[PDB]
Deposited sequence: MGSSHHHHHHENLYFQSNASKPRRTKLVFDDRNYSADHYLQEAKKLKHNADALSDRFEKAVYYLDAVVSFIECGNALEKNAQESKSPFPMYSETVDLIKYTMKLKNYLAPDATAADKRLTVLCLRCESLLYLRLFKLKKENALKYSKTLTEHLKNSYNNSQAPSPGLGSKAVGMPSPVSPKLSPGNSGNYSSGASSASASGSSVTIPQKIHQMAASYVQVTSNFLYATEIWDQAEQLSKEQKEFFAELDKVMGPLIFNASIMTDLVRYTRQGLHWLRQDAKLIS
């Protein structure tokens, strides 16, 4: 097919503009019957939800916005890629979802990574001291520990923030592996848009990459 590259608007709108545009696209997805046509419009809306979250950061928290669209991405992928009847378009659509989900998880981590590095040093120091203080020393030789409530909650949130990265790495490798089955399609998309970089591509780079991919999918799916 003849490939065309989207011309992207340089205007930066407000979060409400993108949020209202995201809701209209999701409503279009809800009305549709076909799972692929639904999933395309769901990912289209997902891109607009990401734009609204990015608008929040450019204005002055995007964390709830990004978390809730991660949830929508998960629901979106359940519409189709592991199925035996899964088509090459389903796999391509899944790769685009995985790229968004991965980079969104990485953003969720980065928004609270200042907390993570402090907590890491404090937790490491307090865990070694609470373990030593719980175990009675035995001269001539050298089951439940108690910790402060503050250290407990610091541990809980530290696990939560670092988990977001753990998911970002795993989902990124998953996208990297699955694209091997559609190497030609995504080598072309990478050629036109430049490839997404895990630690370097900003939300706008991701938004345009995904929309350009959706453009080609609708062209192959003969949709509007």
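- Task: May I ask you to mark the stretches of the deposited sequence that the structure leaves without C-alpha coordinates?
- Result: Comparing the full sequence with the modelled residues, the uncovered ranges come out as 1-21, 82-85, 106, 169-201, 284.
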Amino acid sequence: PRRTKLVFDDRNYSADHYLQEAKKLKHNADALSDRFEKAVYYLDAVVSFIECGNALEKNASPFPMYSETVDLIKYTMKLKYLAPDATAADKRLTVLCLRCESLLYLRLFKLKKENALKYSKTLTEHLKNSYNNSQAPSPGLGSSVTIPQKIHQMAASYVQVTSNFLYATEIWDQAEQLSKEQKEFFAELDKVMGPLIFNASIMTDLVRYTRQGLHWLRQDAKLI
From here on, numbers count along this sequence of modelled residues.
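- Do the C-alpha atoms of 118-126 or of 102-110 have the higher average B factor in the entry? For C-alpha atoms only, the mean B-factor is higher in 118-126.
- Query: Which is higher on average in the deposited entry, the C-alpha temperature factors of 82-90 or of 68-76?
  - Reply: It is 82-90 that shows the higher mean C-alpha B-factor.
- Selection from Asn59, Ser163, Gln174, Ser48 [criterion: highest C-alpha temperature factor in the record]: Checking the PDB record, the top C-alpha B-factor among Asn59, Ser163, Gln174, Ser48 is at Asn59.
- Looking at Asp190, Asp34, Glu170, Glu181, which has the biggest Cα B factor in the entry? By C-alpha B-factor in the record, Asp34 ranks first.
- Can you work out whether the C-alpha temperature factor of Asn28 puts it in the lowest, middle or highest third of the chain? Answer is highest: the recorded C-alpha B-factor places it there.
- So where's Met154 on the chain's Cα temperature factor ranking, which third? It falls in the middle third of the chain.
- Query: According to the PDB entry, is the CA B factor of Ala55 in the bottom, middle or top third of its chain, that is, lowest, middle or highest?
  - Reply: Tercile = highest for this residue's CA B-factor.
- Relative to the other modelled residues in the chain, which third contains the C-alpha temperature factor of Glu21: lowest, middle or highest? For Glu21, the deposited C-alpha B-factor lands in the middle third.
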